[PDB]
Amino acid sequence: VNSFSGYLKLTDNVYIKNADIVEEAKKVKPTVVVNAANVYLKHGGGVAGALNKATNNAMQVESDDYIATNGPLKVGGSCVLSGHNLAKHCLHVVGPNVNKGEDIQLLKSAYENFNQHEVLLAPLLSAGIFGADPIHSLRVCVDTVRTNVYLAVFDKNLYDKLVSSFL
Ligand SMILES: Cc1nnc2n1C[C@@H](C(=O)O)N(C(=O)c1ccc(NC(=O)NC3CC3)cc1)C2
């Protein structure tokens, strides 16, 4: 028994709720929150900008030091950094950005990073401003992640479509 309240059960290990991931993190303070990162950890908009604003830019400050030492991530890759005021840890995961010409097949590799953590609060990778279809992202998530994932979907109409079309 963990602290996630109001999630609807989709599979043995995947749960879904209509809420902003940033607001879910502030309330729950999970062990791991997943950020929809880019390879530069430049958190300007979307999930990344939203979570970073909630950290008063401390996420960006930590991220810039990480990149200065280690260089960019790979598309499909991840790193673990502080969760600041939102979580114990933030798992920054880079899904392909199809609006930028990146390969959608890399979405499975991105979700595989979740398997290194027993429980995660997460958004739909590669969706939103990354350009992939949310329905597809949920399918890859369910078919790739084996650990316990709590998906927070901000958009009510998208949430309803994801639940109603789920196979
Ligand atoms: C439509 C559509 N198609 N795909 C998606 N969306 C909307 C949204 C969702 O979950 O429904 N998605 C995101 O990536 C996202 C989710 C949450 C956030 N938080 C956010 O801005 N907080 C504001 C500042 C307080 C930003 C971006 C995926």
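No value in this document is a laboratory result; all are computed from the given coordinates. So basically every Cβ, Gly included, is an ideal-geometry build from the backbone, and we count neighbours across all protein chains shown.
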### Task
Just need a number here: residues in the range 19-58 that are touching a helix residue (DSSP H, G or I) at 6+ places or on another chain (Cβ under 6 Å) and more than 15 Å from the ligand (Cβ to nearest atom).
1
### Message
Condition first: within 14 Å of the ligand (Cβ to nearest atom), within 18 Å of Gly128 (Cβ to Cβ), in contact (Cβ under 8 Å) with a residue 40 or more places away in the chain and surrounded by 14 or more Cβ atoms within 10 Å (Cβ to Cβ). Can you find one or more residues in the range 59-68 that meet it?
### Response
no
### Message
For the range 1-95, give me every one of the strands (runs of 3 or more DSSP E) that falls completely inside it and has 1 or more residues that are of a type in the set (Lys, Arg).
### Response
14-18
### Message
Given (1) touching a residue at least 60 places away in the same chain (Cβ under 8 Å); (2) within 16 Å of the ligand (Cβ to nearest atom); (3) within 26 Å of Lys26 (Cα to Cα), identify the lone condition not met by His117.
### Response
(2)
### Among (1) exposed (fewer than 15 other Cβ atoms within 10 Å of the Cβ); (2) part of a loop (DSSP other than H, G, I, E, B), the one test that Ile104 misses
(1)
### Query
Got a sec? Which of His84, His89 is surrounded by 14 or more Cβ atoms within 10 Å (Cβ to Cβ) and under 23 Å from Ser109 (Cβ atoms)?
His89
### Task
Only residues that are closer than 14 Å to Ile16 by Cβ, away from the ligand (no atom under 11 Å from the Cβ) and touching a helix residue (DSSP H, G or I) at 6+ places or on another chain (Cβ under 9 Å): list them for the range 123-166, please.
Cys141, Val145, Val149, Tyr150, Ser165, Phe166
#### Entry: From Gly71, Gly6, residue being of a type in the set (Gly, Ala, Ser) and over 22 Å from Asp160 (Cβ atoms)
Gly71
### Task
Take the range 1-32 and flag every residue that is buried (at least 17 other Cβ atoms within 10 Å of the Cβ) and in contact with a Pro (Cβ under 9 Å, 6 or more places away or on another chain).
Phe4, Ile21, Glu24
### Those residues of the range 110-162 which are part of a helix (DSSP H, G or I) and polar (S, T, N, Q), in sequence order
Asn113, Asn115, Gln116, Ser137, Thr144, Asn157
